Amino acid sequence: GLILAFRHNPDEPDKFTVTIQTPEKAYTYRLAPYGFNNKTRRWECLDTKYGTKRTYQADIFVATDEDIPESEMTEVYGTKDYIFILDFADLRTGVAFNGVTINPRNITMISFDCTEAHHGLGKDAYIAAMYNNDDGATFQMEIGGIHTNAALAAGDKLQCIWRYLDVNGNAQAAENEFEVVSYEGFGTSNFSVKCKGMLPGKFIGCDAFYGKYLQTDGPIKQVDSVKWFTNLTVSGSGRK
Amino acid sequence: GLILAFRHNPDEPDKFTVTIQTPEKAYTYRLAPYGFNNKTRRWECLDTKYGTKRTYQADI
Amino acid sequence: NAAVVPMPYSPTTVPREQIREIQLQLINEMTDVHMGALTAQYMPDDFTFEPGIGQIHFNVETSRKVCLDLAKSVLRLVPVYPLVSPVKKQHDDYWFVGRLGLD
Amino acid sequence: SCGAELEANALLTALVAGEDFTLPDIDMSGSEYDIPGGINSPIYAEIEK
Amino acid sequence: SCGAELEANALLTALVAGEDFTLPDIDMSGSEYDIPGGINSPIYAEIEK
Amino acid sequence: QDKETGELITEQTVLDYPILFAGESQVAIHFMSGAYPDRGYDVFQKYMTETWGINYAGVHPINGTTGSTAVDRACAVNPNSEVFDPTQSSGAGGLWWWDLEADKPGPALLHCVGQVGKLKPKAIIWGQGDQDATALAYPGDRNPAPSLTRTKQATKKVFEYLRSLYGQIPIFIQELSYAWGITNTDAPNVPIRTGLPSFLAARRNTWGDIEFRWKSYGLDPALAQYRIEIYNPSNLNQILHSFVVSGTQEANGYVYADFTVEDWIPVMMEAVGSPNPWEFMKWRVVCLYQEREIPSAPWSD
């Protein structure tokens, strides 16, 4: 019975996530940015493709403290004025909100995943193509746009949203994770990663990719930044 | 709730059998050979005529 | 025979040649190389028929050949990879150390 | 054409004249004829075992 | 041809003129008209003896 | 820092090599209508990377093409409307790359820039003249009548505008290809077939004789027979006179048939009781190869 709204300036606003530590495991929840539609006077998710498809009234957020400076806030979907809404009654996991729903009756902590832009493979990482190997235990993945200092190792987990052509000839979209076994091409910004699993069809295109939490450590140009959490507004039927 | 998998070299692999001694009698069970189909990445019985018609994952 | 033609007549076949001259003369008066690929050797059999419209678009195979010609044209201008990373050796050939700073 | 629809209107009015046939006027688009408690109702909330 | 469909439209409008027949507009594709708790719901979880 | 040398590396960078694709839908066919690796741009990325020795992800082409787009509002389908609708649904406005009247980039050009986004391309592939060709062939009532100078100037400066947003990168142009419209409107389900008559020509002399000329497609006209159909001047949908002309009736690089004064006067009598001259004519030629009829486009000039 609680809803939390605030303003933040992450490096990857479309990929901003929050981890919830239930006494069972560590679920991950994605906070899609919300923009205030003026004509309907309601808060709507900016992500029209893989958003929450939820609307909230203007009362859910009230601004009293000093707002985040514009120059310190990134732009997503052509807009810099956006807020993140956390609803405990719609805690759907998954990158595209297709995962299991978290039970909000037992939560031990709520951790925000603040990270730098060049974290992991980098902000500019993208997938070129995917195809299954002739071997019956793995498949190949091509990744580009990787910063030079990045390194990869076996056992890493990668989240990706991609569209594939079904065996019936109709287009299909699905999301899942992959496990890294080996890769080639260190330092050339192009990786030929071999991963386990099976592809249910021919690759068409990729919509999302994270490539975070790499086992191997790497240097980065030192830079200092300030993370802002402004106007934390809490409302709902639960005890406040 | 248990599954056992192994490799063996009997003289008659299609006729390999295992006896189970229940407290009632001595049942006989036949272990048909299983081959790993590469295209579907699953273990399938090689006997297509009188096999178990069962599929198992590679993790088994 | 001289009475047969390989290309059926179209009302717009003349302006397409006229525009082709405009593009061709533009290449010769610019700085960079602007000749992508040749498509004048393709016949109506190289086009997918659409009912009620005609044959306007290339086949998947014919367009594939066009892309291959585009790749060769760019490679002639740029024969080698122009970019180079700061690192050269494998990950096993570099130490990972921390410093107080450059100075 | 030829005023075919005009003739039908005149005949229908005269033949069925002398009796009341006012249909009820009810708006089903109102909130009364809709279940309250939209997508945010506890009805749509997931049931826990 | 010969404006056959045009004649039908004119006749239908005139004959049934004078009464309201607005059909309800309801979107069944929304989440309200769909059962919550997708493939990850405990409903699809295997029942243990 | 290296194992054997003490130099310090502390800066990261990306070696992406984007390539920009923009223009008419004739280039859009490379990305659409298929999947990996059967798509056109897949082979372009495959062949290019192998030659350079880099991985498959070294080249990153970007699609910014749009179907039925013009270089200027003059050739646009809807010069007046501004709303952008690449799908041609509802109001098919915009769809022009540049507006030479106001010297302003068009919505189609802005859409291509939006596709590029953060990436910095190093090569441009262009092709567009499909829409300008048909518009120039039919000027219509468009007050800014299409012209070569307008097309040249719009195409000249649109490249400069792209060169303004990015570096002085080379740009390659795909030459304009041919396109054939449908032959018969009453039969919208038949494609172009071999033996189809084409290049219909009509000629006359001062005496009054009429000559019909056409050229065969895909086969020797001397091997197949032909038949000429002439429609009634009064009822254009009803055939009036017809005759069969055999093969080898070809000269001067054309297949000719003779329709002289002594031929059309007898057929004119039933229509009009006087030998009125035949200034106007509508006629069609149908091939008779392997007992198959292949009617051609009508000639009504």
# chains A, B, ... in the order shown; residues from 1 in each chain; ligands from 1

$ residues_around --residues "region 31-39 of chain D" --least-positions-apart "5" --cutoff "10 Å" --atoms "only C-alpha atoms" --output "VMD selection string"
(chain A and resid 54) or (chain D and resid 44 to 45) or (chain E and resid 30 to 33 36)

$ calpha_fit_and_write --fixed "chain E" --moving "chain D" --output "short mmCIF file (atom, residue, chain, number, x, y, z; two decimals) with N, CA, C and O atoms, in the first residue's frame"
data_model
loop_
_atom_site.label_atom_id
_atom_site.label_comp_id
_atom_site.auth_asym_id
_atom_site.auth_seq_id
_atom_site.Cartn_x
_atom_site.Cartn_y
_atom_site.Cartn_z
N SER D 1 -21.30 -1.15 -59.36
CA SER D 1 -21.21 -0.04 -60.31
C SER D 1 -22.49 0.79 -60.29
O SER D 1 -23.35 0.59 -59.44
N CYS D 2 -22.58 1.74 -61.23
CA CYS D 2 -23.73 2.62 -61.41
C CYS D 2 -24.20 3.24 -60.09
O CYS D 2 -25.38 3.54 -59.91
N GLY D 3 -23.27 3.43 -59.16
CA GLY D 3 -23.62 4.01 -57.86
C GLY D 3 -24.57 3.16 -57.05
O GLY D 3 -25.44 3.71 -56.35
N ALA D 4 -24.44 1.84 -57.13
CA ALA D 4 -25.32 0.96 -56.37
C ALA D 4 -25.12 1.13 -54.87
O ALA D 4 -26.09 1.16 -54.11
N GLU D 5 -23.87 1.23 -54.43
CA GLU D 5 -23.60 1.38 -53.00
C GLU D 5 -24.01 2.75 -52.49
O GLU D 5 -24.38 2.88 -51.32
N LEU D 6 -23.96 3.77 -53.34
CA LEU D 6 -24.38 5.11 -52.93
C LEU D 6 -25.87 5.14 -52.62
O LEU D 6 -26.30 5.80 -51.66
N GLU D 7 -26.68 4.45 -53.42
CA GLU D 7 -28.12 4.42 -53.18
C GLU D 7 -28.45 3.74 -51.86
O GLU D 7 -29.33 4.19 -51.12
N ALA D 8 -27.75 2.65 -51.54
CA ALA D 8 -28.01 1.93 -50.30
C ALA D 8 -27.73 2.80 -49.08
O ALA D 8 -28.48 2.77 -48.11
N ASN D 9 -26.63 3.56 -49.12
CA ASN D 9 -26.29 4.41 -47.99
C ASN D 9 -27.35 5.48 -47.75
O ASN D 9 -27.74 5.74 -46.60
N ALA D 10 -27.84 6.11 -48.82
CA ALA D 10 -28.85 7.14 -48.67
C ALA D 10 -30.16 6.58 -48.13
O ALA D 10 -30.78 7.18 -47.25
N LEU D 11 -30.58 5.42 -48.63
CA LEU D 11 -31.83 4.82 -48.17
C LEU D 11 -31.74 4.41 -46.70
O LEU D 11 -32.68 4.64 -45.93
N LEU D 12 -30.62 3.81 -46.30
CA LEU D 12 -30.50 3.34 -44.92
C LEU D 12 -30.55 4.50 -43.93
O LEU D 12 -31.18 4.39 -42.87
N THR D 13 -29.88 5.61 -44.25
CA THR D 13 -29.88 6.75 -43.35
C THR D 13 -31.28 7.33 -43.19
O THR D 13 -31.70 7.66 -42.07
N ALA D 14 -32.02 7.46 -44.29
CA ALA D 14 -33.34 8.09 -44.22
C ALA D 14 -34.36 7.19 -43.54
O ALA D 14 -35.18 7.67 -42.74
N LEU D 15 -34.33 5.89 -43.83
CA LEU D 15 -35.34 4.98 -43.28
C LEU D 15 -35.23 4.87 -41.77
O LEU D 15 -36.25 4.88 -41.07
N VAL D 16 -34.02 4.77 -41.25
CA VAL D 16 -33.81 4.57 -39.82
C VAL D 16 -33.48 5.88 -39.11
O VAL D 16 -32.99 5.87 -37.98
N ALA D 17 -33.74 7.01 -39.75
CA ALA D 17 -33.50 8.30 -39.12
C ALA D 17 -34.49 8.54 -37.99
O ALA D 17 -35.62 8.05 -38.00
N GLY D 18 -34.05 9.31 -37.00
CA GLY D 18 -34.89 9.69 -35.88
C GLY D 18 -34.75 8.86 -34.63
O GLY D 18 -35.55 9.03 -33.70
N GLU D 19 -33.76 7.97 -34.56
CA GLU D 19 -33.55 7.17 -33.36
C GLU D 19 -32.05 6.95 -33.16
O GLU D 19 -31.28 6.97 -34.12
N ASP D 20 -31.66 6.74 -31.91
CA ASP D 20 -30.26 6.61 -31.54
C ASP D 20 -29.88 5.13 -31.49
O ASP D 20 -30.56 4.32 -30.86
N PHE D 21 -28.78 4.79 -32.16
CA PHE D 21 -28.28 3.42 -32.20
C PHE D 21 -26.76 3.40 -32.04
O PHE D 21 -26.06 2.69 -32.76
N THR D 22 -26.24 4.17 -31.09
CA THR D 22 -24.80 4.22 -30.86
C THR D 22 -24.36 2.96 -30.11
O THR D 22 -24.77 2.74 -28.97
N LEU D 23 -23.54 2.14 -30.77
CA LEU D 23 -23.03 0.94 -30.13
C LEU D 23 -22.02 1.31 -29.05
O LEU D 23 -21.30 2.31 -29.16
N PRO D 24 -21.95 0.52 -27.98
CA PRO D 24 -20.94 0.77 -26.95
C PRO D 24 -19.53 0.57 -27.48
O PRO D 24 -19.28 -0.28 -28.35
N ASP D 25 -18.60 1.36 -26.96
CA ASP D 25 -17.19 1.30 -27.35
C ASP D 25 -16.39 0.79 -26.16
O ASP D 25 -16.13 1.53 -25.20
N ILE D 26 -16.01 -0.48 -26.21
CA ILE D 26 -15.26 -1.13 -25.14
C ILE D 26 -14.03 -1.79 -25.75
O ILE D 26 -14.14 -2.53 -26.74
N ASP D 27 -12.86 -1.54 -25.16
CA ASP D 27 -11.60 -2.11 -25.61
C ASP D 27 -11.32 -3.36 -24.79
O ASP D 27 -11.01 -3.27 -23.60
N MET D 28 -11.43 -4.53 -25.43
CA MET D 28 -11.17 -5.79 -24.75
C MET D 28 -9.69 -6.14 -24.69
O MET D 28 -9.32 -7.10 -24.00
N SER D 29 -8.83 -5.38 -25.38
CA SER D 29 -7.40 -5.67 -25.38
C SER D 29 -6.68 -5.15 -24.15
O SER D 29 -5.50 -5.45 -23.96
N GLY D 30 -7.36 -4.38 -23.30
CA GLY D 30 -6.73 -3.86 -22.11
C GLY D 30 -6.48 -4.93 -21.07
O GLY D 30 -6.99 -6.05 -21.13
N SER D 31 -5.66 -4.57 -20.08
CA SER D 31 -5.33 -5.51 -19.01
C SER D 31 -6.52 -5.80 -18.10
O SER D 31 -6.51 -6.81 -17.39
N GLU D 32 -7.53 -4.93 -18.11
CA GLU D 32 -8.71 -5.17 -17.27
C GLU D 32 -9.45 -6.43 -17.71
O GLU D 32 -9.90 -7.21 -16.87
N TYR D 33 -9.57 -6.64 -19.02
CA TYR D 33 -10.26 -7.80 -19.55
C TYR D 33 -9.33 -8.99 -19.77
O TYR D 33 -9.64 -9.88 -20.57
N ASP D 34 -8.20 -9.03 -19.06
CA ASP D 34 -7.27 -10.14 -19.12
C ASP D 34 -6.92 -10.56 -17.71
O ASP D 34 -6.81 -9.72 -16.81
N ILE D 35 -6.73 -11.86 -17.51
CA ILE D 35 -6.40 -12.37 -16.18
C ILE D 35 -4.98 -11.95 -15.83
O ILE D 35 -4.04 -12.20 -16.61
N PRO D 36 -4.76 -11.31 -14.68
CA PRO D 36 -3.38 -11.00 -14.27
C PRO D 36 -2.62 -12.25 -13.89
O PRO D 36 -3.18 -13.35 -13.93
N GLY D 37 -1.35 -12.12 -13.52
CA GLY D 37 -0.59 -13.30 -13.18
C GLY D 37 -0.27 -14.17 -14.38
O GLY D 37 -0.88 -15.23 -14.56
N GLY D 38 0.64 -13.71 -15.23
CA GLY D 38 1.00 -14.43 -16.43
C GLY D 38 1.73 -15.74 -16.18
O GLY D 38 1.52 -16.38 -15.14
N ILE D 39 2.57 -16.15 -17.12
CA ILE D 39 3.22 -17.46 -17.08
C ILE D 39 4.00 -17.65 -15.79
O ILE D 39 4.23 -18.79 -15.35
N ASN D 40 4.40 -16.56 -15.14
CA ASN D 40 5.16 -16.62 -13.91
C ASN D 40 4.29 -16.67 -12.66
O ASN D 40 4.82 -16.68 -11.55
N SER D 41 2.97 -16.71 -12.82
CA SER D 41 2.08 -16.78 -11.67
C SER D 41 2.18 -18.14 -10.99
O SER D 41 2.52 -19.14 -11.63
N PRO D 42 1.89 -18.21 -9.69
CA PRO D 42 1.82 -19.52 -9.02
C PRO D 42 0.71 -20.41 -9.55
O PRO D 42 0.73 -21.61 -9.27
N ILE D 43 -0.24 -19.86 -10.31
CA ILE D 43 -1.28 -20.69 -10.91
C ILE D 43 -0.66 -21.72 -11.85
O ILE D 43 -1.05 -22.90 -11.85
N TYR D 44 0.30 -21.29 -12.67
CA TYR D 44 0.98 -22.20 -13.59
C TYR D 44 2.04 -23.06 -12.91
O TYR D 44 2.59 -23.96 -13.55
N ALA D 45 2.34 -22.81 -11.64
CA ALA D 45 3.31 -23.62 -10.93
C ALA D 45 2.79 -25.04 -10.75
O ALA D 45 1.60 -25.27 -10.55
N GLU D 46 3.71 -26.00 -10.82
CA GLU D 46 3.35 -27.40 -10.68
C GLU D 46 2.85 -27.70 -9.27
O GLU D 46 3.44 -27.26 -8.28
N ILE D 47 1.75 -28.45 -9.19
CA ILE D 47 1.18 -28.85 -7.91
C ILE D 47 1.89 -30.11 -7.44
O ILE D 47 2.00 -31.09 -8.19
N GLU D 48 2.37 -30.10 -6.20
CA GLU D 48 3.07 -31.23 -5.62
C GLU D 48 2.11 -32.07 -4.78
O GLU D 48 1.28 -31.53 -4.04
N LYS D 49 2.22 -33.39 -4.92
CA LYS D 49 1.35 -34.29 -4.17
C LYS D 49 1.64 -34.20 -2.68
O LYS D 49 2.78 -34.02 -2.26
#

$ interface_residues --of "chain A" --to "chain D" --cutoff "10 Å" --atoms "only C-alpha atoms" --output "list in words"
residues 54, 89, 90, 101, 102 and 103 of chain A

$ select_by_dssp --residues "chain E" --states "helix (DSSP H, G or I)" --output "JSON, numbers by chain"
{"E": [4, 5, 6, 7, 8, 9, 10, 11, 12, 13, 14, 15, 31, 32, 33]}

$ residues_around --residues "region 77-88 of chain A" --least-positions-apart "5" --cutoff "6 Å" --atoms "only C-alpha atoms" --output "ChimeraX atom specification"
/A:3-7,33-35,104

$ interface_residues --of "chain B" --to "chain A" --cutoff "12 Å" --atoms "only C-alpha atoms" --output "ChimeraX atom specification"
/B:36-43,57-59

$ write_last_selection --atoms "N, CA and C atoms" --output "mmCIF file, in the first residue's frame"
data_model
loop_
_atom_site.group_PDB
_atom_site.id
_atom_site.type_symbol
_atom_site.label_atom_id
_atom_site.label_comp_id
_atom_site.auth_asym_id
_atom_site.auth_seq_id
_atom_site.Cartn_x
_atom_site.Cartn_y
_atom_site.Cartn_z
ATOM 1 N N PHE B 36 22.347 -39.045 -28.216
ATOM 2 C CA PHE B 36 22.182 -37.602 -28.077
ATOM 3 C C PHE B 36 21.954 -36.995 -29.456
ATOM 4 N N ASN B 37 20.723 -36.567 -29.719
ATOM 5 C CA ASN B 37 20.411 -35.907 -30.979
ATOM 6 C C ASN B 37 20.953 -34.484 -30.948
ATOM 7 N N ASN B 38 21.826 -34.162 -31.905
ATOM 8 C CA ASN B 38 22.526 -32.883 -31.860
ATOM 9 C C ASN B 38 21.607 -31.723 -32.219
ATOM 10 N N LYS B 39 20.721 -31.915 -33.201
ATOM 11 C CA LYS B 39 19.894 -30.808 -33.673
ATOM 12 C C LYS B 39 18.936 -30.319 -32.592
ATOM 13 N N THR B 40 18.308 -31.238 -31.858
ATOM 14 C CA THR B 40 17.369 -30.865 -30.810
ATOM 15 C C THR B 40 18.008 -30.782 -29.431
ATOM 16 N N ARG B 41 19.280 -31.166 -29.302
ATOM 17 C CA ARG B 41 20.011 -31.099 -28.035
ATOM 18 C C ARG B 41 19.272 -31.847 -26.925
ATOM 19 N N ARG B 42 18.817 -33.055 -27.246
ATOM 20 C CA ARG B 42 18.122 -33.899 -26.287
ATOM 21 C C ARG B 42 18.528 -35.349 -26.497
ATOM 22 N N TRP B 43 18.397 -36.135 -25.433
ATOM 23 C CA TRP B 43 18.684 -37.562 -25.479
ATOM 24 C C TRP B 43 17.422 -38.310 -25.888
ATOM 25 N N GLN B 57 16.875 -34.158 -21.243
ATOM 26 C CA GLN B 57 17.778 -33.043 -21.477
ATOM 27 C C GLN B 57 19.232 -33.494 -21.353
ATOM 28 N N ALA B 58 20.129 -32.692 -21.932
ATOM 29 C CA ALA B 58 21.551 -33.015 -21.910
ATOM 30 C C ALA B 58 22.137 -32.984 -20.506
ATOM 31 N N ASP B 59 21.492 -32.282 -19.572
ATOM 32 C CA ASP B 59 21.997 -32.198 -18.207
ATOM 33 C C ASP B 59 21.942 -33.539 -17.485
#
